[PDB]
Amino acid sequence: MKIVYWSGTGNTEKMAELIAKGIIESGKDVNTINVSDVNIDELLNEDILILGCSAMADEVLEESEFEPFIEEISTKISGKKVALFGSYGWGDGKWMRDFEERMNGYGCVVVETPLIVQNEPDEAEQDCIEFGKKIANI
């Protein structure tokens, strides 16, 4: 599988590595990929797209890298299974509700409840690992 994310301070990055760990512990292979190094064509071969990005102002996806990537793949992902995750600060997850709605709007099947944790995983570590285990059971 493949996990692509954007992280400004490393919070979502940590979530991505814990998610990968859960998938690996379940017996599968995963590659974590920062949005800046992703290859669209190779990404579209996946059955499951695992996407993450922290909440930027105001309750939107990061603008200079992550969103342009989402807009680029938006027309080629109809029918694909998608799993969403991300870290946030002071909000209540609105950027994630909208992120899920957008993906559904593109024709994607959102496989699980999006995983959101406030700031660094830390206490939510097992939650990150478990979310990866749910995805590996798809």
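Throughout, we count residues from 1 along the sequence that is shown.
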property: Entry-level comparison of average CA B-factors, 102-110 and 41-49, reporting the higher stretch; result: 41-49
property: 71-79 set against 93-101, stretch whose average Cα temperature factor tops the other in the entry; result: 71-79
property: Maximum C-alpha temperature factor, selected from 130, 25, 123, 17; result: 123
property: Third of chain Cα B-factors occupied by residue 55; result: lowest
property: Third of the chain's Cα B-factor distribution that residue 31 belongs to, per the entry; result: highest
property: Chain third (lowest, middle, highest) by recorded CA B-factor, residue given as residue 1; result: highest
